[PDB]
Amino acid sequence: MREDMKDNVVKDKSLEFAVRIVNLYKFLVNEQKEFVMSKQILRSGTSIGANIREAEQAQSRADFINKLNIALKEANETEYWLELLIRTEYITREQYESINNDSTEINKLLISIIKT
């Protein structure tokens, strides 16, 4: 993808992802009656976009990169919770692959920006 766009695209992807994470939370709580892992991943999964939003408001490029690094942290924690959820049969392989692929797409873009 065009290098200039990477930040604008990762913002939009993170908002779409937050919405998917909200839906996953509802699924886990309402259908699977799972209250512990669900709360953890609701937080980490929606915090990716929140930190990207802080990054966009940075007063320095330093602060920008740092906020993106916190977004990356949150993406990685979310990936941990997703892996735990598939291994313990709270989500199907289809659910896992779909959501995890969106997560890892965000990882890739954040790393590019950070490393760019």
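Residue numbers here begin at 1 and follow the sequence given.
Participant: Going by the mean C-alpha B-factor recorded in the entry, which is higher: 104-112 or 21-29?
Facilitator: Comparing averages over the C-alpha atoms only gives 104-112.
Participant: Please compare 32-40 with 52-60 and say which has the higher mean C-alpha temperature factor in the record.
Facilitator: The recorded data point to 52-60.
Participant: Would you check the entry's CA temperature factor for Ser47 and let me know if it's in the chain's lowest, middle or highest third?
Facilitator: For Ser47, the deposited C-alpha B-factor lands in the middle third.
Participant: Compare the C-alpha B factor of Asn69 with those of the other modelled residues in its chain, then answer lowest, middle or highest third.
Facilitator: Tercile = middle for this residue's CA B-factor.
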